[PDB]
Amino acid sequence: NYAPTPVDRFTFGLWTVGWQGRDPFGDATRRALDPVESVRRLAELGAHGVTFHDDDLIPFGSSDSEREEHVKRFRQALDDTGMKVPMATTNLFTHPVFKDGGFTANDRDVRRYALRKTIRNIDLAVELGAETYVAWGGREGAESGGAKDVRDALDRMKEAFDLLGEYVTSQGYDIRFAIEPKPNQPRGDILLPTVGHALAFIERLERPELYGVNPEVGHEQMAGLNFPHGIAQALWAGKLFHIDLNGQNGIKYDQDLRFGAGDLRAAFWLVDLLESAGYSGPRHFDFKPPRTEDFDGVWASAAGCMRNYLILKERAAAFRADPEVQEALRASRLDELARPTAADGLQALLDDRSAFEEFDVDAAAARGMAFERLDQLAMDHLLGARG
């Protein structure tokens, strides 16, 4: 039961199942995986595709001949399995040169290098068929107040993204960008810390249509925010270009638990929203099998990500299809929320005594919302306990 299919579009970063287990306090617990291995194992589990940072696929500093051989082997694995590559990204965070940032490093020479490193990888992403290029500015930020003038840093971040937009336009590429917010870690505070801040920034770019967001479940939860609500705002803005799925237990370091772990009810409401809205992009997992696990546990954890999505999809669909739930949604006036407040226009509203002089506020205030009954129907559907 709950078998993944190609239409599910489940994808995984090479760095997810390939995470060797090094953490702030501990050495690696697993050997490095060949990307070819990961592609073949993920395909066996029913995944649709993989994603990569440049330096996951091609060791940093590789010669041109080494680069070609790494890409050739990877493409053979994709061809052998039918796996796709819908998204790629640049590693602008691991190497010590990026310790103060890539695009917003105080040192101008580093900013220029970061752009050249990204541009090289955009070319590769396009060659592999990627539709989306993600940017996670994990080093953009500060530990202290004097170290980073945020207005200047935002100017540099806009300059960088504008140059990348000019680049893809000039080459005729169809790829689009997706900015991944995170509030903190590894920097004390990261620039563009939430979906909202990233959406606001995009509106000030020269070609805003080329950029959207790549929100990650756990990153919004590291600020204690409601991830389904943030995804709803991204959808409302037309900017949900990609998504990263995982789990998180609240306001902690970024745990990258398998999807469904962490806040299970938020995972339910997320799947309900994505499916109801008809989100058509990859269901991408940015997760880490815990370092307690051997490789069998790696593949079990990856399988669990997909399984949990499919269980939640079933339960959310049953919730929305249940005539008792539909009745409860009407009892709670969800239908009214979807109707305009004043399609009659401002003057008609100003002239409407039913909106002011003759509005019976105490009668309105007496009406219950019936939200608790609705939520217990949702709980019963999630748990398969209807009756």
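We number the residues from 1 along the sequence you see.
Just going by the entry, 74-82 versus 147-155 on mean CA temperature factor gives the higher value to 74-82. According to the PDB record, 171-179 carries the higher mean C-alpha B-factor of the two stretches 171-179 and 310-318. Residue-level inspection of the entry shows that, of 349, 337, 50, 331, 349 has the top Cα B-factor.
Within the selection 126, 160, 105, 232, the deposited Cα B-factor values reach their highest point at 126. Looking at the C-alpha B-factors along this chain, the one for residue 7 belongs to the highest third. Annotation for residue 383: CA B-factor lies in the middle third of the chain's modelled residues.
In this PDB entry, the Cα temperature factor of residue 209 sits in the top third of its chain's modelled residues, the highest group. Sort the modelled residues of the chain by CA B factor and residue 112 lands in the middle third. Per the deposited record, the Cα B-factor of residue 138 falls in the middle third when ranked against the other modelled residues of its chain.
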